[PDB]
Amino acid sequence: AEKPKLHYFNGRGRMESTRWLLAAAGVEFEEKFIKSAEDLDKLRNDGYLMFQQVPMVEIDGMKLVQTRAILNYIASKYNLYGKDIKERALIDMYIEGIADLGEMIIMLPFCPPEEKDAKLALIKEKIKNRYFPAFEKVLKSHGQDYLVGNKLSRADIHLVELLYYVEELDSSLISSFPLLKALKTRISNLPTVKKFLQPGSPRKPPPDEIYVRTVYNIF
Amino acid sequence: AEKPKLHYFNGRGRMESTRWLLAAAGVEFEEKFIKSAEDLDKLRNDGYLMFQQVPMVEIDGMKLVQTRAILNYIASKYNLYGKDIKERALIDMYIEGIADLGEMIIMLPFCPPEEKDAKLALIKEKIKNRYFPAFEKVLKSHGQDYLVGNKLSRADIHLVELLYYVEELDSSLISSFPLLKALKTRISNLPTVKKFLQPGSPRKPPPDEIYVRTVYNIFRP
Ligand SMILES: CCCCC[C@@H](O)[C@H](CCO)SC[C@H](NC(=O)CC[C@H](N)C(=O)O)C(=O)NCC(=O)O
Ligand SMILES: CCCCC[C@@H](O)[C@H](CCO)SC[C@H](NC(=O)CC[C@H](N)C(=O)O)C(=O)NCC(=O)O
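Residue numbers (the deposited numbering), protein chains in the order written: chain A, 2 to 220; chain B, 2 to 222.
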């Protein structure tokens with residue numbers, strides 16, 4: 002077949018987790034960047050977008066929208082979705098906690114300027130008091146190098162992706178969390194991810210002033 | 002061994018689609034309702050809520066939190082998740098569209114009133130202009146009884162659950178969507194679903210104000 006093709010803005014938002022997972026699985030993909038309202042509306046009007054939204058990924062002859070469906074397909078295709086129904090329960094429960102947190106980080110650059118610090122202090126507090134404790138607790142309990150099933154899954158992938166973003170927000174958050182740190186290093190050391198973490202990869206930077214109003218100059 | 006046990010408020014919210022899906026799967030379940038902040042703190046303190054949130058469903062020895070984790074497990078356990086990876090992808094695409102709308106419906110009672118008008122307009126707009134046309138098209142695309150793979154999946158149950166909510170909201174929205182009506186009727190007349198739709202089932206009423214103040218009082222005493 003073809004390379005998976007990613008339709009999105011040139012930036013992180015809702016496509017980034019997929020860029021990570023495909024690169025983490027060692028899958029070359031191509032990107033067709035949505036640069037204007039007109040790129041979006043051509044996709045909408047050509048019938049590529051079931052709910053009129055992106056992300057969309059053309060992969061194995063399907064036009065897949067919705068981040069979770071995109072990810073679930075990719076996870077399952079490349080065996081990063083565990084080996085049984087109980088591992089997937091654990092994995093889903095984990096990655097849904099991550100996606101809740103991660104959702105707040107995606108929306109942060111869109112709330113009104115005057116609300117930004119409030120939300121950031123809220124996020125930070127949720128990191129320190131809810132999400133990091135929960136994930137440390139998981140690694141602490143079983144002692145293993147991976148979150149689930151003692152081998153690599155999408156949950157380690159999505160978790161570390163998020164540890165990077167949290168490092169960007171404030172780097173003292175992971176400090177009381179030894180095992181989160183350790184996980185970040187080990188997974189960052191995997192050939193596929195190491196590669197994706199180097200300069201020139203399809204990995205995207207934080208949202209900046211350009212990307213933010215670009216995104217508005219559509220909605 | 003035992004029946005699944007649902008730990009939620011006494012009402013729809015984030016637990017309702019699990020009630021439909023287990024019902025649709027023909028699975029009897031018990032419900033333990035959270036009435037007070039104390040009930041919530043007992044669950045948290047027992048270490049039973051991984052993110053300190055509910056829904057929580059005790060099922061097959063596990064304590065599952067996160068709606069989608071719960072639903073995927075049930076879905077997969079009772080063969081309501083399609084037969085292969087590509088079917089799963091259509092099911093997920095379809096139900097995440099439903100989830101997006103459902104999220105707006107779930108939050109709508111905890112708006113300030115100044116926001117409630119617009120929010121309610123937005124919900125109708127999207128039902129009319131995005132979601133119903135999207136699923137109608139799918140049904141037209143293949144002419145079959147079911148959304149995916151021509152057998153009952155979780156996608157028909159979540160979508161029909163939605164059609165019941167849109168009817169309560171405004172019964173004229175579905176009028177221009179004959180294929181959506183047809184599905185609603187056929188799914189409602191499957192034994193497990195028929196049973197759940199009858200009066201006196203665990204199916205829950207629309208949120209009212211006793212529900213809204215119950216939830217406020219539990220999280221903000
Ligand atoms: C608040 C200002 C704009 C914010 C837009 C953000 O949602 C994101 C921008 C950052 O990348 S992404 C663009 C959006 N997509 C979705 O919301 C998909 C959600 C689905 N649940 C998913 O996970 O796939 C979009 O295409 N919107 C057209 C529209 O709604 O008509
Ligand atoms: C003050 C107003 C409260 C509104 C709460 C609403 O979100 C919902 C009400 C619908 O009945 S439900 C209670 C909420 N649960 C989740 O948000 C789970 C989300 C997860 N992504 C899921 O899908 O499972 C909750 O437990 N909140 C405590 C907290 O997070 O600390």
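Every residue gets a Cβ at the ideal spot worked out from N, C-alpha and C, and that includes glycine.
Original post:
I think residue 23(B) touches residue 34(B), with their Cβ atoms under 8 Å apart; what is that distance to the nearest whole Å?
Top reply: Approximately 16 Å separates the beta-carbon atoms of residue 23(B) and residue 34(B); this is outside 8 Å, ruling out the contact.
Subject >> Residues within the segment 48–81 of chain A neighbouring chain B, beta-carbon criterion of under 7 Å >> reply: Taking 7 Å as the upper bound on Cβ-Cβ separation, chain B lies near residues 51, 52, 53, 63, 65, 66, 67, 69, 70, 73, 74, 77, 78 of the segment 48–81 of chain A.
Original post:
Between residue 98(B) and chain A, is there a C-beta pair that is closer than 8 Å?
Top reply: Yes, residue 98(B) counts as interfacial toward chain A.
Subject >> Which of helix, strand or coil DSSP assigns to residue 191(A) >> reply: It is coil, neither helix nor strand.
Subject >> Pick from 78(B), 181(B), 153(B) that is closest to residue 165(B), judged by C-alpha positions >> reply: Nearest option by C-alpha distance: 181(B).
Subject >> Other residues of its chain near residue 84(B): CB distance less than 7 Å, five sequence neighbours each side excluded >> reply: In its chain, beyond the 5 residues on either side, 150 have a beta carbon closer than 7 Å to the beta carbon of residue 84(B).
Original post:
Whose CA, out of 183(A), 90(A), 192(A), lies closest to the CA of residue 65(B)?
Top reply: In terms of Cα proximity to residue 65(B), the closest of 183(A), 90(A), 192(A) is 90(A).
Subject >> Cβ-Cβ distance between residue 159(A) and residue 99(A) below 8 Å >> reply: Result yes, Cβ atoms of residue 159(A) and residue 99(A) sit closer than 8 Å.
Original post:
DSSP three-state call for residue 51(A): helix, strand or coil?
Top reply: Residue state, collapsed to three classes: coil.
Original post:
If the cut is a Cβ gap below 8 Å, which residues of chain B does residue 94(A) touch?
Top reply: Correct list: 51, 65, 66, 67, 70.
Original post:
Hey, would you say the C-beta of residue 67(B) is under 7 Å away from at least one heavy atom of ligand 2?
Top reply: Correct: residue 67(B) has its Cβ closer than 7 Å to ligand 2.
Original post:
Quick check: the segment 13–27 of chain A against the segment 185–199 of chain A, are there 3 or more CB pairs under 8 Å?
Top reply: Touching, per the Cβ criterion.
Original post:
Where are the alpha helix (DSSP H) runs, 4 residues long or more, that stay fully inside the segment 7–42 of chain B, in chain order?
Top reply: Qualifying alpha helix (DSSP H) stretches, in chain order: 17–25.
Original post:
For the beta strand (DSSP E) that residue 65(A) lies in, which residues bound it at each end?
Top reply: Run containing residue 65(A): 63–66, per the beta strand (DSSP E) assignment.
**OP:** Quick one: using the 10 Å Cβ neighbour count with 16 as the cut-off for buried, is residue 184(A) buried or exposed?
**Re:** Counting Cβ neighbours within 10 Å, residue 184(A) comes out buried, since at least 16 surround it.
**OP:** From the DSSP output, in three-state form, read off residue 124(A) for me.
**Re:** In the structure shown, residue 124(A) sits in a helix (DSSP, three-state: H, G or I).
**OP:** Less than 8 Å between the CB atoms is what I'm expecting for residue 45(B) and residue 205(B), so what's the real figure, rounded?
**Re:** The pair is not a contact, with the Cβ atoms about 24 Å apart (cut-off 8 Å).
**OP:** Could you have a look at residue 3(B) and say whether DSSP puts it in helix, strand or coil?
**Re:** Coil at residue 3(B), not helix or strand.
Original post:
Run through DSSP, which three-state label would residue 149(B) get?
Top reply: It is coil, neither helix nor strand.
Original post:
From residue 176(B) to residue 137(B), what does the alpha carbon distance come to, in whole angstroms?
Top reply: The straight-line gap from Cα to Cα measures roughly 12 Å.
**OP:** Taking all protein chains shown into account, decide if residue 17(A) is buried (16 or more other Cβ within 10 angstroms of its Cβ) or exposed.
**Re:** Around the Cβ of residue 17(A), a 10 Å sphere holds 16 or more other Cβ atoms; the residue is buried.
Original post:
Out of curiosity, what's the CA-to-CA distance linking residue 107(B) and residue 201(A)?
Top reply: C-alpha separation (whole angstroms): 42 Å.
Original post:
Which bits of chain A does residue 86(B) rub up against, with CB to CB less than 8 Å?
Top reply: Ordered by position in chain A, the residues that pass the 8 Å Cβ test against residue 86(B) are 74, 77, 78.
**OP:** Compare the C-beta of residue 90(B) against all C-beta atoms of chain A and say whether one is closer than 8 Å.
**Re:** For residue 90(B), a Cβ of chain A is located within less than 8 Å of the residue's own Cβ.
**OP:** Would you mind stating whether residue 50(B) and residue 219(B) have Cβ atoms separated by less than 8 Å?
**Re:** No, the pair does not count as a contact, with Cβ atoms beyond the cut-off.
Original post:
Hey, quick one: how far does the alpha helix (DSSP H) through residue 60(B) stretch, first residue to last?
Top reply: Not the alpha helix (DSSP H): residue 60(B) falls in the beta strand (DSSP E), residues 57–60.
Subject >> Three-way DSSP call (helix, strand, coil) for residue 221(A) in this model >> reply: Within the shown structure, residues of chain A are numbered from 2 to 220, placing residue 221(A) beyond reach of any answer.
**OP:** Determine, using beta carbons only, whether residue 135(B) comes closer than 8 Å to chain A.
**Re:** It does: the Cβ of residue 135(B) has a partner Cβ on chain A nearer than 8 Å.
Original post:
Would you say residue 154(B) and residue 60(B) are within 8 Å of each other, going by their C-beta atoms?
Top reply: Contact flag unset, no.
Original post:
Using DSSP with H/G/I as helix, E/B as strand and the rest coil, what is residue 81(A)?
Top reply: Three-state result, residue 81(A): coil.
Original post:
From 88(B), 86(B), 58(B), pick the residue whose C-alpha is nearest to that of residue 75(B); which is it?
Top reply: Among 88(B), 86(B), 58(B), the Cα nearest to that of residue 75(B) is on 58(B).
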